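Protein chains in written order, with PDB author numbering: chain g, 242 to 289; chain F, 2 to 464; chain D, 2 to 464; chain A, 26 to 514; chain B, 258 to 386; chain C, 258 to 386. Presented below is the structure to which this report refers.
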Amino acid sequence: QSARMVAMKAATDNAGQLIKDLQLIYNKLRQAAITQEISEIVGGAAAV
Amino acid sequence: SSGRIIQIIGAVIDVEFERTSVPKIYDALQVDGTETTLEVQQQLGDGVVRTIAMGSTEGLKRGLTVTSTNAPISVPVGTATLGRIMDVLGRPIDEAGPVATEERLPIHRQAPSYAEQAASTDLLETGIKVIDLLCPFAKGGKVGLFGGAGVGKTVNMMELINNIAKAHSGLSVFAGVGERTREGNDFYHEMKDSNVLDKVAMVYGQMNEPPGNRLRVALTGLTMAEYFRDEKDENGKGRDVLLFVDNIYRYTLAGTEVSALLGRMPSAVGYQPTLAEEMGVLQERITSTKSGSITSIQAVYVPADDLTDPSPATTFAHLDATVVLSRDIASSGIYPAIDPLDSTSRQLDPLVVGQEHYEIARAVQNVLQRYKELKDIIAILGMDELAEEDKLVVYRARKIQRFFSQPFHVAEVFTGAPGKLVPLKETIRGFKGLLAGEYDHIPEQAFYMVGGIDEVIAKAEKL
Amino acid sequence: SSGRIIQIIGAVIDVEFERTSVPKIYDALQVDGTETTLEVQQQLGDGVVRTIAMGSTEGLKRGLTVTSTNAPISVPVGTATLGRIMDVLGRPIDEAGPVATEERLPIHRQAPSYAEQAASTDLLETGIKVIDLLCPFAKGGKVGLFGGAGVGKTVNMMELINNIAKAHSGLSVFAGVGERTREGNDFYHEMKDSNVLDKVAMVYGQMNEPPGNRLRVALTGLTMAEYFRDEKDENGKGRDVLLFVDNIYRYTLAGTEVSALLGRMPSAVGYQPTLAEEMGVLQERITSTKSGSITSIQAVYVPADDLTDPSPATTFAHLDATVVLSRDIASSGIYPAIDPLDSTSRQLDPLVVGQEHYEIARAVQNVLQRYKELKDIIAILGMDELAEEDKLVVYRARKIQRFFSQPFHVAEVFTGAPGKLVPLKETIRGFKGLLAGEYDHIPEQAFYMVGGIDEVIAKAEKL
Amino acid sequence: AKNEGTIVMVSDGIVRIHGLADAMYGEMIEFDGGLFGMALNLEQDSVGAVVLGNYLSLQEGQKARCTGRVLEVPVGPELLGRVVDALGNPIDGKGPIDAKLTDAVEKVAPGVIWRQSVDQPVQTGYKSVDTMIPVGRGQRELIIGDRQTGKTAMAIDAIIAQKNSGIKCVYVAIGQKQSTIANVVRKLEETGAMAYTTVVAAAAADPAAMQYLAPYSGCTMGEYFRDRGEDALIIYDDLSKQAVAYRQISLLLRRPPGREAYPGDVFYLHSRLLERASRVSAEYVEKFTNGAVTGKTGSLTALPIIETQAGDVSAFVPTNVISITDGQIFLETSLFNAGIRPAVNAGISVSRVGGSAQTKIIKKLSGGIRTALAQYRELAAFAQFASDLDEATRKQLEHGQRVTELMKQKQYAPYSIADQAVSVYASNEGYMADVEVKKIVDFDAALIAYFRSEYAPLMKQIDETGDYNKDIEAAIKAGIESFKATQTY
Amino acid sequence: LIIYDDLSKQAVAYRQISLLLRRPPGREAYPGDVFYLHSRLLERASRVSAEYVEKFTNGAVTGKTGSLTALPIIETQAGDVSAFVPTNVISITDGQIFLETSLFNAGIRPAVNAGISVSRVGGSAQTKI
Amino acid sequence: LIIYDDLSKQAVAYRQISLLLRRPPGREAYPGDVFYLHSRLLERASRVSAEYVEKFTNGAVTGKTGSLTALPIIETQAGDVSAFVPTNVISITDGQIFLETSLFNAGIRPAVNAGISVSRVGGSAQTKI
Ligand SMILES: Nc1ncnc2c1ncn2[C@@H]1O[C@H](COP(=O)(O)OP(=O)(O)OP(=O)(O)O)[C@@H](O)[C@H]1O
Ligand SMILES: Nc1ncnc2c1ncn2[C@@H]1O[C@H](COP(=O)(O)OP(=O)(O)O)[C@@H](O)[C@H]1O
Ligand SMILES: [Mg+2]
Ligand SMILES: [Mg+2]
């Protein structure tokens, strides 16, 4: 009965690291998307 | 030698002058018959100038006559501005009479050169025990304030103003960039409730103002602080001045809004192309010279909880220290609520502060971190597993946590406690003695709400 | 007659002629009193053409005079170019006098038709384990290497040249497009130290040159290779040709740098609207016809480690064998860092390489894919809960990716270890033994940086 | 009127002139108030020029004049020990400079046949850089990392370490506050390194044109010694600020952007500058100086600095610059905050010149250390989900830990060739296998001190020559054994 | 007391009008003064002092203080609390009340998400009980 | 039975031609009428009745029907089927056959993914057995 809790605490730490990395990737993608949309809008505006 | 309006689009106004009377960049113009000031932004040719209106533009029309001042926006400076409230143009809005002084200073000026820099990096003493030991300040630096409402920010501002006026005989300037009117009125009456109003000047810029006003309101406070710093008493000592900026993020937002209004191609994540240059030109006039020194404290808000965003990164390019307030500390009644483990300063370095100061700070941080680690085992697996040096660390960490609170000078009217202004030399002695284990028998409650180590001794001998 | 310059913006210049002497689209012009050559790009009407300079435009003014030549850029060809170094215009830059031929060929020409196409029907060995096993080459085909910055494109190219071109019986052409000058000098002195300088020709335009030189530098080497391909001897057959191109991506980058100044509208992520057409125009010339064959190797740059970017994605469809390098493998100390789950070749079918080779490759790829699948559950959870077959798969896959490393001859300076060459029979033997399960007791450290399986056995025993 | 004109438009530091018919590309133009500009666009009926200074004193209707000369700055040995701005004007208050020459700012690097391979080492004083990422005369090496990771400290230590080798140094500051520049100048002056160093400053309040033009002026100043057979070394601080300023100028010129709003030719801007650092041969030197100097080779070393966001080395500009230089040093925040300083990432950092840019003893001793460190890092990362560990894995892990702890240094504390050689020999032969992990630094310091105390002639001989022999190796082994037997740490 | 049905539709109409009037677009084609559009509307909800009322009415009303309260409403899509107009609005108000679809679909009638809903004014706007 | 090997390259060529003629671009710089371009081509494949054949041939052909089947090919970027061009073709056509890289590398050949592959005609186009 004394090893299950070790297993769960290790799993929780790994999940925290995972969500940290995923948040970094998400922020990068969000900035890229905003930049692309703004560039597309400006390009469409200039062509008229 | 007069011009007239030829085009109005929103808050952008074009004025045409005569070919041998065209004004220069950043000059201020006056519309004849109204009360509106136009600031030049760029020239276009054939005597046409594109400007920005300070205020609302309802009721204007083409063909109105305008005359030039041949100078930038000049605001009144001196000691008569202490305790008053003014707008971006230097006009009273508190219904207390006109400003008495006649001296004026332009709000646009070059930063001091490389030859005028100070020859050392001194420290700014605050009197707060937690700040002076773990995140020490520095003359001419910039400090960012974190944490939202509910933990105490305005009170810290009061205490800093009062202590800097008391110890170093300095003054203060407060500039509000995009402030709520309700919270601003509450803050003004909060200062008036105490006796701090007579040692600080205000310039207010609110959210419902045109974006031009929210952009040129920090320069007025900067000019006032510059005049306060430059003037000298006998022997030419100079003065130390504190500048308060309501939110630099709203300064950036006003900058990009004005850039979008002028019609410039955006860069990176929607921001204006001239972000870093604008923020540097704002922060390059805040420095420590031979005569005096201007120090600034600004509130920082991280958009989208992402530090990689362009504006927080450009902010962090200049900050020498960051202070973060946590709600968990305030939940335990320890005030001021400043987290020791997350506040950082570039001055905490053995070269700058010395050997013993750095070592004491590092040891305190290590003890606090180890206590935080042992909290989980204490809570989950029970108390019995922890003894000897674990409980020694627990007791020392609890005593350290209690010892970080102190009464303030501005709260003496409410609770009656006069408050204390602990000098830096006293804190190091107390913490070094605590770490060595000399006070291992004193109860925890003796470290509560006390100024210095002698007060702890007195409380322990009473309790 | 002659025209005069009316406008210059960066590398783009336009000239105004009379209505009866406008040059053709791809003509060459010379600026009087200067060593500057211009190539026409567009005809804008009213006797105005838009050109691109083949050099620096400093010291150029409006109103100069320009004379036409009524011909495209012509370069020397033949055996007189062997052992010499030339620039984009075909001028010697090796300080060894002029080129001793008279034949000239234009650098612009149409691609071979559909009827004059041949089929490659010969394998070609290299001595590299991973390439031989999983991406075989074909005599007369096209090869491309894909990778980011600092992953090993140049080292692999040099090793391929060392293994193949040295034992060759024919001619060679090397073209440098936007690379380092130090690498070019090193390669020239390496070839001159040995006695293979009489079989190669070199054209160099590097990253320090204006975009005009970098735009058209590949066409010169392509023209030389084309002339060498369609060359016959009286009672003598033709000769096989090897062609090496360095960073063909710089050609498209230089095309991008001048698109806006030519008056076009951008597409995708800031790219020119004619990317695919101008890539294909160049790519369709590098081919083998009924009369003569060409074997080519190209290096393709991947911007920002993004294989989805339009340039590599467009390039992918013009090659027969594709080798992809990954930074994740390189950062783990495994060289060459070739990704085995993204490298393909048209020769990998059982009718060409035989049954056994195909089965070995398929089994290896299947094992690697299964391990990549299991990685996540291995990571977040433990390893005990896995099935025994999964543990065997993990160990076998780790040993397999260890066994794909090999010490090169040209990498002796970096590591200090001598190079190794492995025939593909030993590779097939070792991989079949590994997949069978004969080496399940060998530690995975013995598979790192060795040659055949015999070296693995010796290194394991010595351990 | 062929060399006269009038200002027509003024906006954001860019002006429009009408009348300069006989104007060249890149020519210098002087205004009425004593300011200077540079022509960029020779339109059909107008000229576009950027202002090299403060443009707030310019109004439509003023006068403009062509000077007939391209941008140039003073050069010579008189600039050593001074502090100047991007145009060479002094800002330290010590008086005017009396340089005897000028030199154009925009040039083209020497060709393929005029160069020579790099074979002469350059010492930075760091134990990890010297034995893992060697630097040679003529090489270009990149320092990349996040903010507050210790890049300027490495650059200043590299400058300081050249006290005896007799090579000249240049420091360029772009987009920095004045106080930091003053502090750096003070620290350089105290140690005496200011006797052979020049400083070019473009502060954060300066116009974007000067921040975009300063590195070219610095490189032009540094090329004086290369062309005359001597050696130099140049450092570019915050090369990303130059890209930011160029992006601002281009965007204010309304030009279509690419990735991250950067211009199309952002690669050319850096490739044109970083290609000028090289090593030239004796023939080039003789031709340049008309036989005044013979039998001598020149060189110019570069150490650009670039900052990343959240340790993302896969961004547009970091990868654009990595593909130009001959290697890179990567500094990671995770190791820095954990107490590993300097925080050099062994798996990412690489050098392209290799073992030919270091002395014989260091080249022989330090072979395959970086790849082994990367393999250990990967194995340690993987070995968290297992408990049954074989002997080879345990030995590899415990050797990697010791190797990692060995490469730890303090700033303002250079190392010599002999110290690195003896430490590397001690690590390579397994003399630290029985040493506890947390006493490695004390062991290294005590070994160095005792070896210097008792074996001075051997250390001196290794320092001057840096050669390897059998008797030298035997003496090193005997000294290590003698220290292990008697001395205590 | 005034209720603003949905300010997002107002923002959408403002964007359409601005685009039709060929003003330079910003993020998501919004003009440069959307924050100026919302903040200046929300700043007119206030409580004024008795002296202001006395001045306005020329002494007709002596000891009374006026007031005006607003209850703006903003809609989200799967909890996107980081878009442009919603963040602009959230920066201005003095509190927030969060309602999620996973609560109404589950069967919670109030469906108030107490986790991230706070009031800045607090206990001063309540009675003793 | 007709087969187009890449409609993406046709779309790219059309985009180049449209951009060179200075027409206003949209998402991913494609013109406004790419959907029209693909739809007015893919709508020409169908089955006709016997009366249509009789009328077209003026009685030459009496009792037979005609048909024309189409098999277009579309290539995605890293399995992103939410791009501008593939969505239009997916909406236009009846069924789709999806091929996956992970299945191909795992030995499943052909790499048909039965989870998201449909045929709207269904069993009406099959033999009895
Ligand atoms: N080897 C070292 N050991 C310990 N501390 C060090 C070492 N090297 C540098 N530091 C300290 O770490 C900090 C890094 O400052 P530094 O100016 O070198 O960083 P940076 O990367 O240039 O930062 P910035 O982004 O402000 O330019 C300084 O306080 C410096 O004294
Ligand atoms: N087989 C190898 N052994 C050791 N080091 C290698 C090997 N292949 C590449 N490298 C290292 O990778 C770096 C990149 O090599 P190179 O191909 O010249 O650059 P790029 O990949 O940018 O063209 C080199 O500096 C070299 O040290
Ligand atoms: Mg490369
Ligand atoms: Mg620095």
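Quick reminder that beta carbons are idealized off the backbone N, C-alpha and C, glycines included.
Next on the checklist: Could you check whether the Cβ of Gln436(A) sits closer than 7 Å to any heavy atom belonging to ligand 1?
Outcome noted: yes
Item to check | Closest by C-alpha distance to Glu498(A), when choosing among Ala458(A), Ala470(A), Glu454(A), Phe468(A) | outcome: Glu454(A)
Checklist entry - Residues of chain C with CB under 7 Å from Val289(g), in chain order? => result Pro281
Item to check | Euclidean distance between Cα positions of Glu439(D) and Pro159(A) | outcome: 43 Å
Next on the checklist: Does the contact criterion of 3 or more C-beta pairs under 8 Å hold for the stretch 110-119 of chain F versus the stretch 189-209 of chain A?
Outcome noted: yes
Checklist entry - With respect to 7 Å, is the separation between the Cβ of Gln356(F) and the closest non-hydrogen atom of ligand 1 below this value? => result no
Item to check | Segment limits, beta strand (DSSP E) that includes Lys321(B) | outcome: Looking at the DSSP string, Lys321(B) is not in any beta strand (DSSP E), and its letter there is neither H nor E.
Checklist entry - Can you tell which of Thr350(A), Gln486(A), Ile394(A) has the C-alpha that lies nearest to the C-alpha of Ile442(A)? => result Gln486(A)
Next on the checklist: Quick check: residue 19(A) and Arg107(A), are their CB atoms within less than 8 Å of each other?
Outcome noted: An answer regarding residue 19(A) cannot be provided, because it is not within the stretch 26 to 514 covered by chain A.
Next on the checklist: So within the stretch 305-386 of chain B, which uninterrupted beta strand (DSSP E) runs reach at least 3 residues, ignoring any that extend past its ends?
Outcome noted: 352-356, 369-376
Item to check | Sub-8 Å separation of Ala89(A) and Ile32(A) beta-carbons | outcome: yes
Item to check | Pick from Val197(A), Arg172(A), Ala363(A) that is closest to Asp262(A), judged by C-alpha positions | outcome: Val197(A)
Next on the checklist: Check this for me: beta carbons of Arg63(D) and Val13(D), under 8 Å apart or not?
Outcome noted: no
Next on the checklist: Is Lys176(A) near ligand 1 - that is, is its Cβ less than 7 Å away from at least one heavy atom of it?
Outcome noted: yes
Item to check | Helix, strand or coil at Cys244(A) according to DSSP, with G and I counted as helix | outcome: helix
Next on the checklist: I need the DSSP call for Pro99(A), collapsed to helix, strand or coil.
Outcome noted: strand
Checklist entry - Would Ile279(g) count as contacting chain B if we go by Cβ distances under 8 Å? => result yes
Checklist entry - So what does DSSP say about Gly4(D), is it helix, strand or coil? => result strand
Item to check | Start and end residues, alpha helix (DSSP H) containing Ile442(A) | outcome: 442-453
Checklist entry - Along chain g, which residues have their Cβ under 7 Å away from the Cβ of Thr309(F)? => result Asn268
Next on the checklist: Once the 5 residues before and after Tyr475(A) are set aside, which same chain residues still bring their CB inside 6 Å of it?
Outcome noted: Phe508, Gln512
Checklist entry - Is the CB of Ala286(g) under 8 Å away from at least one CB in chain D? => result no
Item to check | For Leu243(D) and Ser289(D), the rounded distance between their alpha carbons | outcome: 11 Å
Next on the checklist: Please report the straight-line C-alpha distance between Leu294(C) and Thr275(D), rounded to a whole angstrom.
Outcome noted: 20 Å
Next on the checklist: For a contact defined as C-beta to C-beta under 7 Å, what are the partners of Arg347(D) on chain C?
Outcome noted: The contacting residues do not exist; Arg347(D) stays about 16 Å from chain C at best.
Checklist entry - Does the beta carbon of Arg284(B) come closer than 8 Å to any beta carbon on chain g? => result yes
Checklist entry - Which residues share a DSSP beta bridge with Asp47(A)? => result For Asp47(A), which the question treats as bridged, DSSP gives no partner whatsoever.
Next on the checklist: Closest to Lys433(A) by C-alpha separation, out of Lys463(A), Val209(A), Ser412(A), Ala500(A), would be which residue?
Outcome noted: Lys463(A)
Checklist entry - Which of the three DSSP states, helix, strand or coil, is assigned to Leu65(D)? => result coil
Checklist entry - Do you know whose CA, among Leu30(F), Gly84(F), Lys426(F), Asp88(F), lies nearest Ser69(F)'s CA? => result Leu30(F)
Item to check | Cβ-Cβ distance between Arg240(F) and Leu172(F) below 8 Å | outcome: yes
Next on the checklist: Can you list, in chain order, the residues of its chain with a C-beta nearer than 6 Å to that of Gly222(D)? Leave out the 5 residues immediately preceding and following it.
Outcome noted: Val174, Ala176, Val204
Next on the checklist: Could you check whether the Cβ of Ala406(A) sits closer than 8 Å to any Cβ belonging to chain g?
Outcome noted: no
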